[PDB]
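Below you will find one chain, with nothing else, as structure tokens; this is the form deposited in one PDB entry, and questions on how it binds or moves follow later.
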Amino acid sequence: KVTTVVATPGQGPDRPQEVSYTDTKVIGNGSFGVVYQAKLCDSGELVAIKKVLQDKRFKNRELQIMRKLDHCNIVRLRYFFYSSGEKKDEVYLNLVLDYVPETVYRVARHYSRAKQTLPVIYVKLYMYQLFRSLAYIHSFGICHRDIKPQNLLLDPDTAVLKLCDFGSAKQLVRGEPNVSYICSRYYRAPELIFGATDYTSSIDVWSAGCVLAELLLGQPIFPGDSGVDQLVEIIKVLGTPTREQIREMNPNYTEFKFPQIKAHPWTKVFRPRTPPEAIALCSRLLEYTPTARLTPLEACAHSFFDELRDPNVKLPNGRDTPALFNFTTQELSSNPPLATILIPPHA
């Protein structure tokens, strides 16, 4: 019932520390390993414990990356420790992380299954915090490579969003190739489908655009049945990519031949009452040419998020909005002048 381990703190002084926890239960199992909920005996706080078999055959920088990160929109790593487990001669890594009760996937599904869509204030708040989280990691050159609603945790009372699951993440280095079959299919950037190994952090921006469109639509905008059919789904919205767009995606595939299909108007992709600013923003994320997509910090600055910078904005439940403007130098480093838009005069 009470488990006591000696664990290393996620950040700060390296000295190991005795940690006890109880009330453990499984909250999810899959390709990511097993994630448990538990309660810290010391403080009584709920935590998540992610348990991952250490398998040389599968690359994984999750611990390395998480020990470096400290941001209000990224799930915090509290401790880590090694243990035995199911495979009775191998070693498991255990990550003790913050517990966050909901996910964007479940909250969106709640409306979608009732033939509603997520109220617009929450689309603004969640998308904005996701772009903040992306601006933060991209400033270290770290690409998440698995942005999707299942990996976005939410506190429904405070509207705080926290990015999680860095099992696919990697520090991208110019000139060093990266694997092309990456990202969950529906959220996979087209340059990855075209087999690019020299891609950049903008593949996360495409995935974020897929999340935004999905929150506006009530279902994935690009529900491909296969790695290849994923491209067909994209084309049936954006139209057939031109030769130059393919050259921007992967120079080695420009001779690609596909039937000529014209784009579907953005204003007809979404239902009539969709806020035009959200459509506008979506059109600048879901672009074939990877360098044409907005950067996360540019996205934060988009007019779609102006309501969040209003001094009188409030959560529907009457509470104040969460922290939105406590930008750091590291966070603003891609475009420091942008602070004058991102940080409103009242903050």
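For the two forms, the rigid core is made up of the largest set of C-alpha atoms that agree within 1.5 Å on superposition. For every residue, the number given is its place in the sequence shown, counted from 1.
Among the other PDB entries of this protein that were compared and that flank it with modelled residues, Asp198 is modelled in all, so it is never left out in a third of them. Across the other PDB entries of this protein whose models span the neighbouring residues, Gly85 goes unmodelled in a third or more.
Comparing 30-38 with 280-288, the higher mean C-alpha B-factor in the PDB entry belongs to 30-38. As the entry records it, the average C-alpha temperature factor is higher for 249-257, out of 249-257 and 90-98. The entry assigns its greatest Cα B factor, within the set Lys148, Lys124, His264, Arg113, to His264. Per the deposited record, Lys59 carries the highest C-alpha B-factor of all listed residues (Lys59, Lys51, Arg309, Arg293). Remark: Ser20 belongs to the lowest third of its chain, ranked by C-alpha B-factor as recorded.
Sort the modelled residues of the chain by CA B factor and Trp206 lands in the lowest third. In the deposited entry, the Cα temperature factor of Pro190 places it in the lowest third of its chain's modelled residues. In the deposited entry, the Cα temperature factor of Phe166 sits in the middle third of values across the chain's modelled residues. In the deposited entry, the Cα temperature factor of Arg174 sits in the top third of values across the chain's modelled residues.
This protein has a second form, the form deposited with a partner chain bound, left out of what is shown; the following refers to that one.
Put simply, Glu248 is far from its partner chain in the deposited bound form: not one heavy atom of it is within 4.5 Å. Shown alone here, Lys257 lies within 4.5 Å of its partner chain in the deposited bound form, counting heavy atoms only.
Under a 4.5 angstroms non-hydrogen atom cutoff, its partner chain in the deposited bound form lacks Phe81 among its neighbouring residues. For the chain shown alone, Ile74 is not a contact residue for its partner chain in the deposited bound form, no non-hydrogen atom being within 4.5 angstroms.
When you look in the deposited bound form, the only residue of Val120, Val232, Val160, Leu172 with a non-hydrogen atom within 4.5 Å of its partner chain is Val232. Checked against its partner chain in the deposited bound form, the candidates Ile193, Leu125, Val96, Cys143 yield a single residue with a heavy atom inside 4.5 Å, and that residue is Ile193. Aligning the rigid core between this form and the one not shown and inspecting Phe256, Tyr186, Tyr105, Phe270, the C-alpha positions shift by 2 Å or more at one residue, which is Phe256. Taking the rigid core as fixed, one finds a CA shift for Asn60 of 2 Å or more between this form and the one not shown. Relative to the superposed rigid core, the position of the CA of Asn312 differs between this form and the one not shown by less than 2 Å. The Cα shift for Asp157 between this form and the one not shown, taken after rigid core superposition, is smaller than 2 angstroms. By 3 Å or more, the C-alpha separation between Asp198 and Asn60 grows in the deposited bound form relative to the form shown here. Relative to this form, in the deposited bound form the C-alpha atoms of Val205 and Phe58 separate from one another by 3 angstroms or more.
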